[PDB]
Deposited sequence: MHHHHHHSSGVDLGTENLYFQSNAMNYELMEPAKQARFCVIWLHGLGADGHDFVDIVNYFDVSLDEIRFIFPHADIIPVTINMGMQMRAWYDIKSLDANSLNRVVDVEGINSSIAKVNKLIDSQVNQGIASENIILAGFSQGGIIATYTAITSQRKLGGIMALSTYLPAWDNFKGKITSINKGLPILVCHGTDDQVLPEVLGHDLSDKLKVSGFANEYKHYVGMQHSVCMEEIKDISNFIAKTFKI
């Protein structure tokens, strides 16, 4: 149960919550808060430390696959036993509930972390608030496809991805978005031309607008 995390308590009473996950790609998004145009009067921010994201995931992925990978027998070296990390998030969610309504918590993820936000919410036994997949592919889709919960089929999902990403190519973001679409989870797919493996300013605006349009503030 050991974990560290940065916690931002809102100015007014906490009514909402955003769990922001990060893994090379373990960028410090703690500052991201000052980049938004939405009222953070009632929004608690949870930034778990990168230990919540095991290293053993993107290793096989970005050690075996071709430099110009396009699709996913690579399944042999991806640590599905993810799960633990998911549970961690679950605990965190279970911790915010018994403190904030589960449908008022949003799971956002970037790159390595973006995996543990989607998979969690779509297997979450309870009603969550949203998913913000950013520059993230959908690994071990075979292992997690059956464990999906229809309880969140239709929750606000935002997928974002860079066009010139050579670390995590765009067709994999299309892969996540599409594999969520046919799964029963509709989502906005927003790709950014020129952008690589990062987060830009237009994207920050769109993220802000997502939190605004989901927390209905």
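Not built in the structure, per the record, are deposited positions 1 to 22, 46 to 47, 97 to 99, 109, 128.
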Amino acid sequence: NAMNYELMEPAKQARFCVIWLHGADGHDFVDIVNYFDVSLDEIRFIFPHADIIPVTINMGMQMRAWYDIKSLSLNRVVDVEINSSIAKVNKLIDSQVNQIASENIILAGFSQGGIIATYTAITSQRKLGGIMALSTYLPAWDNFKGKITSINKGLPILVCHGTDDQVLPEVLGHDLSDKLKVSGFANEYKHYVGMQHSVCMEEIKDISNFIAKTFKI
From here on, numbers count along this sequence of modelled residues.
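Comparing the deposited coordinates for 208 to 216 and 3 to 11, the stretch with the larger average C-alpha B-factor is 3 to 11.
With 130 to 138 and 109 to 117 compared on mean CA B-factor from the PDB entry, the stretch scoring higher is 109 to 117. Looking at 187, 166, 183, 34, the one whose CA carries the top B-factor in the deposited record is 183.
Highest C-alpha temperature factor among 161, 49, 70, 179 per the entry: 49.
The deposited CA B-factor of residue 66 belongs to the middle third of values across its chain. When the modelled residues of the chain are ordered by C-alpha B-factor, residue 38 sits in the lowest third. Ranked against the other modelled residues of its chain, the C-alpha B-factor of residue 26 as given in the entry falls in the highest third.
Sort the modelled residues of the chain by CA B factor and residue 98 lands in the middle third. Among the modelled residues of the chain, residue 173 sits in the highest third by CA temperature factor in this PDB entry.
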